[PDB]
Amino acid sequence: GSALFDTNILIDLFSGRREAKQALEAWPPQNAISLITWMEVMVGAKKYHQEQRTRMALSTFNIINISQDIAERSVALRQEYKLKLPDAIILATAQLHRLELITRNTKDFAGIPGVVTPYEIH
C-alpha cells in the first residue's frame, strides 16, 4: 500500500522539517516520486550545493518517468480538475500506478480522490 510524494514534502524534508520526516514514515517503502519532482528537487540541491547526496536520497524512491499514457491522462486530468500541467502529470502518475498522492497542496487537490494531505504550517 504505497504512496507517491509531491515535491513540496521532499523540499520540506531536505530543508529540515520533521513534518516531512513523519509524512514519509507514514507510508511503507518503496515510495515513489514523479520524474518531474526529481527535477524540481535537484534544482534546489544545486542552489544549496548538496547535489550529490540529494541524488542519493532520491534514488531510494521509485522515480517514475513521464510516458505517453501518463501524458494522455494528464491532459484529461488537467481539464477535469482545472489543474496546472505539472500537477496533472503528478496526479496522473499516482492514478496510473494506483498510488495515493501525498501533497501539502489543499487548494488545487481538495476534493480529488486518492489525494492525502499529511500536515500543515503557516
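Each residue number is its position in the shown sequence, starting from 1.
- Just going by the entry, 46-54 versus 30-38 on mean CA temperature factor gives the higher value to 46-54.
- The entry lists a Cα temperature factor for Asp87 that places it in the lowest third of the chain's modelled residues.
- Annotation for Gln79: C-alpha temperature factor in the highest third relative to the rest of the modelled chain, per the entry.
- In this PDB entry, the Cα temperature factor of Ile121 sits in the top third of its chain's modelled residues, the highest group.
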